[PDB]
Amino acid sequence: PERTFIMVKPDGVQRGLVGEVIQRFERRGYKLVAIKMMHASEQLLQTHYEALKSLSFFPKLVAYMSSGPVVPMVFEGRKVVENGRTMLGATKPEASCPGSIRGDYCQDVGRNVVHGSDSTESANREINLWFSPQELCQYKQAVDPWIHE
C-alpha cells in the first residue's frame, strides 16, 4: 500500500503539463487515488515546506507557490516513492537525464514544474496535509496481477 505525493507547480499548470505528469505515472501502472486543483494558502505552503523554513529562499518560495493554482495528487503502487523521484529527475534540470520530467521540460531549478515526496515518511505527511481521508479514493486495479508479482 505504498503511496506518494505529487504536485504540479504553478509553472507546470501554466505550461500545460498537468496531463503529461499524470500520464507518466499511469503508464507505469500506478493508481491515481486523489487529485484536485487549488490556490494553496501561505500557511499550507509553509507547513508543506517546513524543513526549509530556516533557509534564506523560504519566503520567496512560499510566495511563488501561491502565485498561481497548483495540482496536488496521490499515486499508489510498488516502490512509487523511489520511482517517482527517478521519474521527476534531479532537482537541478541540467543534472536530470533525458526522459525524466525535468530533463525533458525544464531549464531552472526554481521553475521545475512538479514536486514529489523524497521519502516514505515525507509522503505520508504530505498526503495527510493536502488531502482529507475522504478525498482518498479506493479501487481494485484490473491489471494488478500483471503489474505486481
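One-based numbering along the sequence shown.
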Next item on the list: Report the stretch with the higher mean CA temperature factor, choosing between 91 to 99 and 30 to 38 on the basis of the entry.
Entry: 91 to 99
Next item on the list: Take the C-alpha B-factors listed in the entry for 51 to 59 and for 103 to 111, compute each mean, and give the stretch with the larger one.
Entry: 51 to 59
Notebook entry, point to check: For the listed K140, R24, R15, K9, which has the peak Cα B-factor recorded in the PDB entry?
Noted result: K140
Notebook entry, point to check: Compared with the other modelled residues in the chain, in which third is the CA B-factor of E126?
Noted result: middle
Next item on the list: Place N83 in the lowest, middle or highest third of its chain's C-alpha B-factors, as listed in the PDB entry.
Entry: lowest
Notebook entry, point to check: Thinking about Cα B factors across the chain, which third does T120 belong to?
Noted result: middle
